[PDB]
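Inspection log for the structure reproduced underneath, given as structure tokens.
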Amino acid sequence: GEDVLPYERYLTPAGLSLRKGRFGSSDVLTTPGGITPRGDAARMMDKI
Amino acid sequence: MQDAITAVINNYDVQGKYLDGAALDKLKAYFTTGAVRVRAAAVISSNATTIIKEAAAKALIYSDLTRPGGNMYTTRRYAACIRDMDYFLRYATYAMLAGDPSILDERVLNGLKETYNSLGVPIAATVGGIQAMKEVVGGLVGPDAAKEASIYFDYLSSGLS
Amino acid sequence: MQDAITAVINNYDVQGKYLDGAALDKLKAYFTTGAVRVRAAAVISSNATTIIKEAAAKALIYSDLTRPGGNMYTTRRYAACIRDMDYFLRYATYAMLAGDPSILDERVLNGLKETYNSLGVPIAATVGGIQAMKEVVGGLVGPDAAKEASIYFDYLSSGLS
Amino acid sequence: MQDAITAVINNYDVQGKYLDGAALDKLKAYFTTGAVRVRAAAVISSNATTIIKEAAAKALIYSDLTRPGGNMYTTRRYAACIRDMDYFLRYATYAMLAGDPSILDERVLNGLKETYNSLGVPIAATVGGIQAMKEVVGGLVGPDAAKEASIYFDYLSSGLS
Amino acid sequence: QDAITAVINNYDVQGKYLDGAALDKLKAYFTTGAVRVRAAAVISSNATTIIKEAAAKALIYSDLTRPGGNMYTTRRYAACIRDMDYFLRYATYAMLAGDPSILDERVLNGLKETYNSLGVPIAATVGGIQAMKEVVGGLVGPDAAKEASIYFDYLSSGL
Amino acid sequence: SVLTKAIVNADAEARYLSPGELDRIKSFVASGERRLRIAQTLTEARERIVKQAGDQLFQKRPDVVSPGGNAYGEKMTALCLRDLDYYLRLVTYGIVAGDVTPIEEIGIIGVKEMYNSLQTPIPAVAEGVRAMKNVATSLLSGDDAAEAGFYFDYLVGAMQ
Amino acid sequence: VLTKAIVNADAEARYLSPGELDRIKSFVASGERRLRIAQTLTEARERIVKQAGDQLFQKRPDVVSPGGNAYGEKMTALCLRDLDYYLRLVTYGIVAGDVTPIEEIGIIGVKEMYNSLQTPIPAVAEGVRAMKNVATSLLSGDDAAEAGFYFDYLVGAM
Amino acid sequence: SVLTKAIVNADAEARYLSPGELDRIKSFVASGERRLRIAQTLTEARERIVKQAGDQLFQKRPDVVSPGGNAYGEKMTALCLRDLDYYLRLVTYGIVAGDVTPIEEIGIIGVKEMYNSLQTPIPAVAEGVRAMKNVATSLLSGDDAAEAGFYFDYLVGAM
Amino acid sequence: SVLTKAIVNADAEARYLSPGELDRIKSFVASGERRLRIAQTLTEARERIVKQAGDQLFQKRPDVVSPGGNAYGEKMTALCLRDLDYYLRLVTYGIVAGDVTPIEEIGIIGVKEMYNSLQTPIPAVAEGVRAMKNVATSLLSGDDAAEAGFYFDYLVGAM
Amino acid sequence: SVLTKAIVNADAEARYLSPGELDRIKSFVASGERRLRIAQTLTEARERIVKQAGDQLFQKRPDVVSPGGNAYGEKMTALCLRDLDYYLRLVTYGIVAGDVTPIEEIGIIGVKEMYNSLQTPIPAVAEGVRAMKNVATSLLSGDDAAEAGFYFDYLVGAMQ
Ligand SMILES: *[C@H](C)[C@H]1/C(=C/c2[nH]c(/C=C3N=C(/C=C4\NC(=O)C(CC)=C4C)C(C)=C\3CCC(=O)O)c(CCC(=O)O)c2C)NC(=O)[C@@H]1C
Ligand SMILES: *[C@H](C)[C@H]1/C(=C/c2[nH]c(/C=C3N=C(/C=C4\NC(=O)C(CC)=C4C)C(C)=C\3CCC(=O)O)c(CCC(=O)O)c2C)NC(=O)[C@@H]1C
Ligand SMILES: *[C@H](C)[C@H]1/C(=C/c2[nH]c(/C=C3N=C(/C=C4\NC(=O)C(CC)=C4C)C(C)=C\3CCC(=O)O)c(CCC(=O)O)c2C)NC(=O)[C@@H]1C
Ligand SMILES: *[C@H](C)[C@H]1/C(=C/c2[nH]c(/C=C3N=C(/C=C4\NC(=O)C(CC)=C4C)C(C)=C\3CCC(=O)O)c(CCC(=O)O)c2C)NC(=O)[C@@H]1C
């Protein structure tokens, strides 16, 4: 628009994996309506 | 993209053949189906916001996804997910009018898996959402339209999975 | 492949230099670390099945992946994923003994990203699994060994991503 | 990028937990270290040109690299190498202030190995230069600051190698 | 620029090192500073109301707002109140700074020409600025008002 | 956070941190200990703040907790309170960070869109945040309250 | 410092934040102390320059040698005058609380000016470092730290 | 190296390292420090070993340094000595590695072909290596010499 | 499915489909309608089949749902039942296909490896499938039951 | 503690501490640093020791965590684990003290009566303590384990 100088608007998926992927995905990729035991054992110790 | 009319034309053009009665019959077949399709498309456009709402309620929301640590947690992610849902709906509507699945391949399906994997978006949940939208859409459009609508939704689902 | 001892030798050979004290010191450093590494390797081999189990429990299983339409859905795919996990573990153990990351590059790392992208295996999830294995391994090996073990796991993770 | 304060916040946010004393302690630790870090950063900025000069003198110059047929031969290549050295120094300083290694991963470390391999720049020599800079920096910053500074330099070195 | 820098610049052209007399001028500014900060906080909190009151005094219930007037249509109305906000924000900046220069550099320069091309009425705008000044004077209180008034008047004279 | 912002500006300019920028970092680290206490106070009083704010909101807006209204019913009312709790947690994060950025990414971007799909009224949500601010201000000391107020105000400004 | 805060606000198009305002308040309180620090250096100015000059000439024999730029009475005076200029700028900086005053007068186009003169830039930097050491000794420790920052900036700039 | 060899066998079998294999690695790391000293000794004596061996070789084979012979002339004689030096460097590398593999890759594969193109007699080269062994053995202590001998013998066998 | 198998054999031989092969296809298409009904029956009774089989299994094997056992706890017990449901769905797929191949790809390849990592006992899983068969048999008519039995037996054999 | 015991005997006799008594005190102070480390180890591993022991106990005694059994239900199971945790804390106290007396006052006197009112089976409790011992022994080095074992054995002996 004549006053802003260009900046990086978009990037490709592989470019995005380069920057963020080191160390991969943190998370378990939770799903709706899944039976999961995750967190249960901690909750029991917190209770005890 | 391609549509049924253009598909016939393209097949003839590679042959170099002038349009013939057999070709005309295929075109005629599409023209009869067309009126139904247009009605279905108008229904979907008017109810688009609700369709997304209902589908999300059925699968996405009130779930671990929305809870902290879930992919759809935070406002930004929630908004992104519903935006994606809208895309799928709009493209399926386009495909239904066209009568061809090609547009889905050229715009939606191409590189989606890779994008999602980098993002960490869960594909199976997304597929679930698409299936939910299909069910809601089926009701609104009515039975004759539903069959046509369902194939495009299923095509998207199969591509993602 | 290459190992720490051979790496020093190769660097000297390209220079054409006879081995010198500075070079000898690097070799000596490796020799002290060696005993620890051997102990760590034996620990990992014995507990390999459990390490994989624990890591899967931490990241892979009880997820969208295992749910229908997920990459690790179906017995065949599940088995494949745990086979890949075992590969990573075995190679990391090899690298730890060697004291050099090269074997990982030559066997595991080269072409894996491309293979995975064609397959549609999610790289970030795989990386997550590798990181999980690292954590489990760290416990079993004990602290001195853990630092050494961690670098190779991290190397794999960085390569894949 | 991320900083220590934000890292704590983010970890809690995914859990959905309100900030707790253990979390507070980590934050408090950072706050004490902060003042030292700011002083160190100012020292590095003022002496940056010299730091690079000294490090180059220790490793890069008076070597085959600078001699014809070496990677850093020709003015253009020499200038490029010292520019790269400056980058590493500036980013390490940023990381030290931040208290987090993430910025290094996001900007410097991503794709560097691949770039260098295509260019034919020697990684081990580069690593050597980084280590040399660390030693020089350690002197100027003083002992308390040096420990903090060293970790980021080591992080860069590990990434490249 | 600012009062402190103004003193510095005057000394720099002379080439003189800073002296007690110069220090006294700086000290004078420092005493005024506390008052200014209080005034600025008052203005920021009441900014929306200040604009509302000033508009009520001059802009609204007028031909401007009626069809065929400059401030007719929502777009134009919104523009006019945005301009009013600019004047207020910059005056606040100037008051903290203790110097009118910022007004000249950002607000005042080229405004007349812009307004003439747009067909915005300058006299009405000036009226609005004066109205804002009166409202501001009340809120800030007397000591602050004198300081605040000069910057408002400066804007008005420029326009 | 303050520090992230400074680093980012430097990186864009491709320069080492400016003295002025460094000074702001120094100020922030000194402020941090005070900030931590303010955050701690709100965390401890979190349960009461939410409860009091909720009641105020429901009095201010009968409709939301009415058969027509979104909030009506136990399940729905819980969700409304959960939302208020979320925003409070975000505010605490903000205070320690010294910037609204942490708050902004988690809560303010796409908020309109999310609530519009839900059909929750945005102004009511804003009122609830305002209510929480008033409760929080009372527990906080005056200077502490002013700091906390800024973050609360931002939220209210973001949501309309 | 005040100018800096205003400028950031204007970019954001917002009124100054309370936190930003508080920093301004702190600065105005600090100013009186800052003035004293500046006053101290001004009084010791003549000696600081002289001592620094000697140190520089010892560190760099070449500059005051027949080949060197500094060599000869006229040239040596000019070199000392330059050191004096930089000291004056530093004092201005301390009172301002920002490097901007220093920066405009001394650090922009400095490379170009000295290259035309043919004066070696590193030697100039050493002279500033030398001045810092002398100045630090006269200043009290906390005062010295404040002064050091401005001195360091100059060295970094050059 | 010993370790590289063990890893490679395991990878081919696609199994974790066997206990026996691990034990050999342990033994090697213990031996290494002694091996380093043996290598260091030879490196220091390198210049003299080459010189002495060269003389012995030329006495053993007058022909090589004769107008017909390949070695004859200063340039050629230097090259022959350079070759002896190369082989000694390789032997030192071998001792530290604990395996002939490092030696083998650099020096023993394609050696016949290279020398046949050069027309250098392979048996004479072998004699030179034998000569170097004898000199090296004398400087080394008996047990050290035995270790060094194995690597020297391998070279002689290879050519 | 039957048809895929026939086509694949033809393609290997690089010939058009043999008359005998064609006849088998004809028989299969006639059988299909009956097969569809059998599958439909089991789908409708799916919920009860799983429930009944689960109870039988738990009675037969107390240990699996015991503190030591894998199945123990609500979460775990649900997962065990989910697995039984999965196998039932596979069986229905098999009946319509007329072949075990659909069943085999989804459920029987890598099953050992998966369960060994989980540490689930394979024999217990087999018992559950046997239990499901008995329940399914009762609801089905005798001839229908025999058809269904084959697929159930295959699963039991596979595990 | 050993020191308390010595002082008490002296006070009864109305005499200054005997050289023999003093010698025992000297031995104890030398031992203490080693004892502190042993205690520290168990404290760090406390959470895991309790968890592992609980599982073992429940495997050994299915009945206790069964509808009839006392331990059955989440609330009850937590209480059973809390009891195990209590006994572990007592054991650590014992090790630092160098005598069972601290353990004995808090845990072993009236234990039968308390559990009989509760109707908790005493033998099951003993098994749990035995289980904890085995876990604790594994983490401890052999000589450390022997020291820890004595205290664990005492508890088991006390409760039957
Ligand atoms: C001589 C007229 C002036 C002078 C020279 C000088 N050079 C160095 C060191 C180096 N010189 C180079 C320059 C080049 N390398 C290249 O690739 C090219 C183009 C092909 C050039 C011209 C290099 C690389 C070095 C670094 C060391 C090395 O050679 O590897 C020095 C020493 C620097 C030091 O302080 O160590 C000097 C003195 N110096 C003068 O003042 C003369 C006027
Ligand atoms: C009525 C539905 C609600 C209501 C209205 C209300 N409006 C005003 C004052 C003004 N409204 C306008 C609006 C317009 N100007 C335009 O150019 C357009 C588009 C073409 C519109 C819609 C304006 C400019 C004014 C200012 C008055 C003027 O003409 O100068 C008021 C008066 C407020 C006051 O006294 O300050 C009111 C009450 N208010 C309600 O509560 C109703 C729900
Ligand atoms: C309370 C003042 C108002 C209110 C709230 C309300 N919310 C929901 C449902 C949800 N709200 C959220 C919001 C968030 N999720 C996030 O990630 C963030 C940022 C951290 C927020 C703020 C979400 C995700 C949901 C969706 C359901 C879910 O829990 O997954 C409801 C009920 C759902 C519905 O509308 O049917 C309500 C009632 N309602 C009001 O009217 C109050 C003004
Ligand atoms: C029940 C008869 C037995 C039993 C089952 C059991 N399974 C799990 C966990 C999983 N089982 C599966 C199995 C499948 N996934 C597939 O893709 C297929 C084919 C379609 C099957 C059969 C999977 C993937 C899991 C992993 C968890 C997940 O869902 O992500 C458990 C619990 C696992 C654990 O050990 O924690 C159990 C208990 N266990 C028994 O003892 C019964 C005899």
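Here's how to read the names in the structure tokens: chain A, B, ... by the order shown, residue numbers from 1 in each chain, ligand numbers from 1 in the order shown.
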
_Show me which residues are within 6 Å of ligand 4 counting only C-alpha atoms and all ligand atoms, and format the list as an NGL selection string._
(:C and (61-63 or 66 or 73-75)) or (:I and (64 or 70-71 or 76 or 79-81 or 83-84 or 86 or 106-107 or 118 or 120-121 or 124-125 or 128))

What would the file look like if the residues just selected were written as a PDB file, in the first residue's frame with C-alpha atoms?
ATOM      1  CA  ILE C  61      -1.754 -45.125  22.351  1.00  0.00           C
ATOM      2  CA  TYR C  62      -5.064 -43.662  23.675  1.00  0.00           C
ATOM      3  CA  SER C  63      -5.083 -41.071  20.899  1.00  0.00           C
ATOM      4  CA  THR C  66      -5.096 -45.418  17.382  1.00  0.00           C
ATOM      5  CA  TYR C  73      -5.314 -47.708  13.383  1.00  0.00           C
ATOM      6  CA  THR C  74      -5.537 -51.432  12.346  1.00  0.00           C
ATOM      7  CA  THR C  75      -3.218 -54.119  13.710  1.00  0.00           C
TER       8      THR C  75
ATOM      9  CA  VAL I  64      -8.018 -60.621  33.614  1.00  0.00           C
ATOM     10  CA  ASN I  70      -4.695 -56.092  32.278  1.00  0.00           C
ATOM     11  CA  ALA I  71      -8.457 -55.731  32.005  1.00  0.00           C
ATOM     12  CA  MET I  76      -9.411 -51.079  30.969  1.00  0.00           C
ATOM     13  CA  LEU I  79     -11.174 -51.157  26.239  1.00  0.00           C
ATOM     14  CA  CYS I  80     -11.455 -54.942  26.471  1.00  0.00           C
ATOM     15  CA  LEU I  81     -15.114 -54.709  25.468  1.00  0.00           C
ATOM     16  CA  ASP I  83     -11.820 -54.854  21.335  1.00  0.00           C
ATOM     17  CA  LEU I  84     -14.558 -57.486  21.351  1.00  0.00           C
ATOM     18  CA  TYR I  86     -14.072 -54.492  16.886  1.00  0.00           C
ATOM     19  CA  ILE I 106      -7.683 -55.249   9.656  1.00  0.00           C
ATOM     20  CA  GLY I 107      -7.334 -57.606  12.621  1.00  0.00           C
ATOM     21  CA  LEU I 118       0.052 -54.119  25.410  1.00  0.00           C
ATOM     22  CA  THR I 120      -2.810 -58.414  26.930  1.00  0.00           C
ATOM     23  CA  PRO I 121      -2.990 -62.265  27.030  1.00  0.00           C
ATOM     24  CA  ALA I 124      -8.095 -64.665  26.845  1.00  0.00           C
ATOM     25  CA  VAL I 125      -8.875 -62.630  23.719  1.00  0.00           C
ATOM     26  CA  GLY I 128     -13.822 -63.785  24.241  1.00  0.00           C
TER      27      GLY I 128
END

*Excluding same-chain residues fewer than 3 positions from residue 2 in chain D, what lies within 12 Å of it counting only C-alpha atoms, as a VMD selection string?*
(chain A and resid 20) or (chain D and resid 5 to 11 94 to 95 97 to 107) or (chain F and resid 1 to 5 7 to 8 97 101 to 102)

Dump the neighbourhood of ligand 2 as a short mmCIF file (atom, residue, chain, number, x, y, z; two decimals) with N, CA and C atoms, in the first residue's frame: all residues within 9 Å, distances computed on only C-alpha atoms and all ligand atoms.
data_model
loop_
_atom_site.label_atom_id
_atom_site.label_comp_id
_atom_site.auth_asym_id
_atom_site.auth_seq_id
_atom_site.Cartn_x
_atom_site.Cartn_y
_atom_site.Cartn_z
N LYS E 52 -17.00 13.24 23.64
CA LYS E 52 -18.46 13.26 23.62
C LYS E 52 -18.97 14.66 23.98
N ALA E 56 -20.91 17.37 21.58
CA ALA E 56 -22.22 17.86 22.00
C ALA E 56 -22.25 19.38 21.97
N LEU E 59 -20.31 19.98 17.50
CA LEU E 59 -20.47 19.21 16.27
C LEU E 59 -21.92 18.74 16.08
N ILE E 60 -22.54 18.15 17.11
CA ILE E 60 -23.83 17.53 16.89
C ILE E 60 -24.94 18.58 16.94
N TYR E 61 -26.17 18.16 16.62
CA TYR E 61 -27.35 19.02 16.56
C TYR E 61 -27.09 20.21 15.64
N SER E 62 -26.36 19.96 14.54
CA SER E 62 -25.88 21.04 13.70
C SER E 62 -26.13 20.65 12.25
N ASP E 63 -25.93 21.61 11.35
CA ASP E 63 -26.01 21.34 9.93
C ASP E 63 -25.02 20.26 9.50
N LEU E 64 -23.84 20.22 10.12
CA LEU E 64 -22.82 19.25 9.76
C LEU E 64 -23.38 17.84 9.82
N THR E 65 -24.06 17.53 10.94
CA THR E 65 -24.60 16.20 11.10
C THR E 65 -25.81 15.99 10.19
N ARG E 66 -26.52 17.07 9.82
CA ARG E 66 -27.71 16.93 8.99
C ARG E 66 -27.28 16.59 7.57
N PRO E 67 -28.15 15.95 6.75
CA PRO E 67 -27.78 15.54 5.39
C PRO E 67 -27.28 16.70 4.55
N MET E 71 -20.22 16.14 8.23
CA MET E 71 -20.15 15.02 9.16
C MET E 71 -21.36 14.10 9.00
N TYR E 72 -22.16 14.33 7.96
CA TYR E 72 -23.27 13.44 7.62
C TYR E 72 -22.74 12.11 7.08
N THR E 73 -23.48 11.02 7.33
CA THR E 73 -23.14 9.62 7.04
C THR E 73 -22.30 9.07 8.18
N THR E 74 -22.41 7.78 8.46
CA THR E 74 -21.70 7.20 9.59
C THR E 74 -20.19 7.32 9.37
N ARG E 75 -19.75 7.07 8.15
CA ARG E 75 -18.33 7.06 7.84
C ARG E 75 -17.70 8.40 8.20
N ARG E 76 -18.31 9.49 7.73
CA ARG E 76 -17.81 10.81 8.02
C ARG E 76 -17.90 11.13 9.51
N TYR E 77 -18.98 10.74 10.17
CA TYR E 77 -19.11 11.00 11.60
C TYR E 77 -17.96 10.35 12.33
#

_Contact residues around residue 30 in chain A with only C-alpha atoms at 7 Å, ignoring same-chain residues under 4 positions, as a PyMOL selection string_ = (chain B and resi 64-65+70) or (chain C and resi 63-64)

Where does chain E meet chain G within 8 Å, residue by residue, with the nearest atom pair and distance in Å to one decimal for each, counting only C-alpha atoms, listed by chain and rising number, as a Markdown table?
| residue | atom | partner | partner_atom | distance |
| --- | --- | --- | --- | --- |
| E:1 | CA | G:3 | CA | 6.7 |
| E:2 | CA | G:3 | CA | 6.7 |
| E:4 | CA | G:96 | CA | 6.8 |
| E:5 | CA | G:96 | CA | 7.1 |
| E:8 | CA | G:92 | CA | 6.8 |
| E:17 | CA | G:88 | CA | 6.4 |
| E:18 | CA | G:92 | CA | 7.6 |
| E:23 | CA | G:35 | CA | 7.5 |
| E:27 | CA | G:32 | CA | 7.6 |
| E:30 | CA | G:28 | CA | 5.8 |
| E:33 | CA | G:28 | CA | 7.3 |
| E:34 | CA | G:25 | CA | 7.0 |
| E:37 | CA | G:21 | CA | 7.0 |
| E:41 | CA | G:18 | CA | 7.7 |
| E:44 | CA | G:15 | CA | 6.4 |
| E:89 | CA | G:15 | CA | 6.4 |
| E:93 | CA | G:6 | CA | 6.5 |
| E:96 | CA | G:2 | CA | 8.0 |
| E:97 | CA | G:2 | CA | 6.9 |

*Any idea what the distance is between CA of residue 95 in chain I and CA of residue 39 in chain I?*
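Value for the CA of residue 95 in chain I-CA of residue 39 in chain I distance: 6.4 Å.
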
Which residues are near residue 53 in chain B? Cut-off 7 Å, only C-alpha atoms, ignore same chain within fewer than 4 positions. Put them as a short mmCIF file (atom, residue, chain, number, x, y, z; two decimals) with C-alpha atoms, in the first residue's frame.
data_model
loop_
_atom_site.label_atom_id
_atom_site.label_comp_id
_atom_site.auth_asym_id
_atom_site.auth_seq_id
_atom_site.Cartn_x
_atom_site.Cartn_y
_atom_site.Cartn_z
CA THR B 49 -23.77 -21.47 10.30
CA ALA B 57 -21.89 -30.02 19.10
CA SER F 117 -21.01 -19.98 16.93
#

*Please determine the contact residues of chain F with respect to chain B at a cut-off of 10 Å, counting only C-alpha atoms, and supply them as an NGL selection string.*
:F and (79 or 86 or 104-119)

*With a distance cut-off of 9 Å and only C-alpha atoms, select the neighbouring residues of range 138-143 of chain H, excluding the residue or stretch itself and same-chain residues fewer than 6 positions from it, and output the selection as a list in words.*
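Non-adjacent residues within range: residues 38, 41, 42 and 45 of chain H.
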
*Determine, counting only C-alpha atoms, which protein, DNA and RNA residues have an atom within 10 Å of an atom of range 127-141 of chain J; residues of the same chain fewer than 6 positions away are not included. Present the result as a PyMOL selection string.*
chain J and resi 38-39+41-42+45-46+48-58+60-61+80-81+83-85+87-88+91+147-153+155-156+159-160

Put those residues in a file: N, CA and C atoms, as a short mmCIF file (atom, residue, chain, number, x, y, z; two decimals), in the first residue's frame.
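Output below, filename selection-v3.cif:
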data_model
loop_
_atom_site.label_atom_id
_atom_site.label_comp_id
_atom_site.auth_asym_id
_atom_site.auth_seq_id
_atom_site.Cartn_x
_atom_site.Cartn_y
_atom_site.Cartn_z
N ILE J 38 20.15 -41.98 53.91
CA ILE J 38 19.23 -43.09 53.72
C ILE J 38 17.80 -42.58 53.78
N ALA J 39 17.51 -41.73 54.77
CA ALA J 39 16.18 -41.18 54.95
C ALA J 39 15.79 -40.33 53.75
N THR J 41 16.81 -40.55 50.67
CA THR J 41 16.54 -41.39 49.52
C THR J 41 15.09 -41.85 49.53
N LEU J 42 14.64 -42.38 50.67
CA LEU J 42 13.29 -42.92 50.78
C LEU J 42 12.25 -41.81 50.61
N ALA J 45 11.74 -41.09 46.96
CA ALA J 45 11.09 -42.20 46.29
C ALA J 45 9.76 -42.53 46.95
N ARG J 46 9.30 -41.67 47.87
CA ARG J 46 8.16 -42.00 48.70
C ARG J 46 6.95 -42.35 47.83
N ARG J 48 6.49 -43.26 44.75
CA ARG J 48 6.59 -44.51 43.99
C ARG J 48 6.54 -45.71 44.94
N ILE J 49 7.19 -45.63 46.10
CA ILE J 49 7.21 -46.76 47.02
C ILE J 49 5.78 -47.10 47.41
N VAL J 50 5.01 -46.08 47.76
CA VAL J 50 3.64 -46.29 48.21
C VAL J 50 2.85 -46.93 47.08
N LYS J 51 2.97 -46.37 45.87
CA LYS J 51 2.19 -46.84 44.73
C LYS J 51 2.51 -48.31 44.47
N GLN J 52 3.79 -48.65 44.36
CA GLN J 52 4.20 -50.00 44.05
C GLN J 52 3.73 -50.97 45.13
N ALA J 53 3.90 -50.58 46.40
CA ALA J 53 3.54 -51.45 47.51
C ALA J 53 2.04 -51.72 47.50
N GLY J 54 1.26 -50.66 47.24
CA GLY J 54 -0.18 -50.79 47.18
C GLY J 54 -0.62 -51.84 46.19
N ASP J 55 -0.06 -51.77 44.97
CA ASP J 55 -0.39 -52.69 43.89
C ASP J 55 -0.07 -54.12 44.32
N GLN J 56 1.12 -54.31 44.90
CA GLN J 56 1.54 -55.62 45.36
C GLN J 56 0.54 -56.15 46.39
N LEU J 57 0.16 -55.28 47.34
CA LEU J 57 -0.74 -55.67 48.41
C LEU J 57 -2.08 -56.11 47.81
N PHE J 58 -2.59 -55.32 46.87
CA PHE J 58 -3.89 -55.60 46.28
C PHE J 58 -3.84 -56.90 45.49
N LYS J 60 -1.79 -59.39 46.29
CA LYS J 60 -1.68 -60.40 47.32
C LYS J 60 -3.04 -60.66 47.97
N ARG J 61 -3.80 -59.59 48.20
CA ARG J 61 -5.11 -59.67 48.84
C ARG J 61 -6.18 -59.04 47.95
N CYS J 80 -6.45 -46.36 52.51
CA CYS J 80 -5.52 -47.46 52.70
C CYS J 80 -4.11 -47.05 52.27
N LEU J 81 -4.02 -46.31 51.17
CA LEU J 81 -2.73 -45.85 50.69
C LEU J 81 -2.18 -44.77 51.61
N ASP J 83 -2.60 -44.65 54.76
CA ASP J 83 -2.06 -45.36 55.90
C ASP J 83 -0.65 -45.86 55.58
N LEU J 84 -0.47 -46.40 54.38
CA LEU J 84 0.84 -46.89 53.98
C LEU J 84 1.83 -45.74 53.97
N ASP J 85 1.41 -44.60 53.47
CA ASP J 85 2.26 -43.41 53.42
C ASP J 85 2.66 -43.01 54.84
N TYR J 87 2.97 -44.88 57.49
CA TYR J 87 3.95 -45.79 58.03
C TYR J 87 5.32 -45.52 57.41
N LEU J 88 5.37 -45.15 56.14
CA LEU J 88 6.64 -44.87 55.50
C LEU J 88 7.28 -43.65 56.15
N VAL J 91 8.82 -44.60 59.32
CA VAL J 91 10.07 -45.33 59.13
C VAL J 91 11.22 -44.35 58.91
N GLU J 147 19.96 -51.44 57.16
CA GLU J 147 19.57 -50.49 58.18
C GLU J 147 18.08 -50.22 58.08
N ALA J 148 17.60 -49.90 56.87
CA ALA J 148 16.20 -49.60 56.65
C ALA J 148 15.33 -50.82 56.99
N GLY J 149 15.84 -52.02 56.65
CA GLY J 149 15.09 -53.25 56.88
C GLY J 149 14.71 -53.42 58.34
N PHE J 150 15.64 -53.11 59.24
CA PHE J 150 15.41 -53.30 60.66
C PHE J 150 14.15 -52.56 61.08
N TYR J 151 14.04 -51.29 60.66
CA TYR J 151 12.90 -50.47 61.04
C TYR J 151 11.62 -51.06 60.42
N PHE J 152 11.71 -51.47 59.15
CA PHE J 152 10.58 -52.06 58.47
C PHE J 152 10.14 -53.34 59.18
N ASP J 153 11.11 -54.17 59.58
CA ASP J 153 10.82 -55.43 60.24
C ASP J 153 10.11 -55.18 61.56
N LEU J 155 8.12 -52.78 62.37
CA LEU J 155 6.74 -52.44 62.11
C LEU J 155 5.95 -53.73 61.88
N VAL J 156 6.51 -54.60 61.04
CA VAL J 156 5.84 -55.83 60.69
C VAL J 156 5.65 -56.68 61.95
N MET J 159 2.77 -55.19 64.22
CA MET J 159 1.45 -55.43 63.65
C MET J 159 1.31 -56.88 63.24
N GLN J 160 0.45 -57.67 63.94
CA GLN J 160 0.12 -58.98 63.41
C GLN J 160 -1.38 -59.34 63.55
#

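The chain C residues that come within 9 Å of chain B are residues 64, 65, 67, 68, 69, 70, 71, 117, 120, 121, 122, 123, 124 and 125 of chain C, with only C-alpha atoms taken into account.
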
*Excluding range 15-32 of chain J and any residue of its chain fewer than 2 positions from it, enumerate the residues within 8 Å of it, using only C-alpha atoms, and give them as an MDAnalysis selection string.*
chainID J and resid 2:3 6:7 10:13 34:36 96 98

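Separating CA of residue 127 in chain H from CA of residue 57 in chain H is a distance of 6.4 Å.
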
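The residues of chain G lying at most 7 Å from chain D, with only C-alpha atoms taken into account, are residues 152, 153, 155 and 156 of chain G.
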
*Go ahead and compute the interatomic distance for atom 19 (C, counted along the ligand's line) of ligand 3 and CA of residue 28 in chain D, in Å to one decimal.*
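Atom 19 (C, counted along the ligand's line) of ligand 3 sits 26.6 Å away from CA of residue 28 in chain D.
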
_Interface list for chain A, partner chain B, 9 Å threshold, only C-alpha atoms, as a ChimeraX atom specification_ = /A:12-14,16-17,20-21,25,27-34
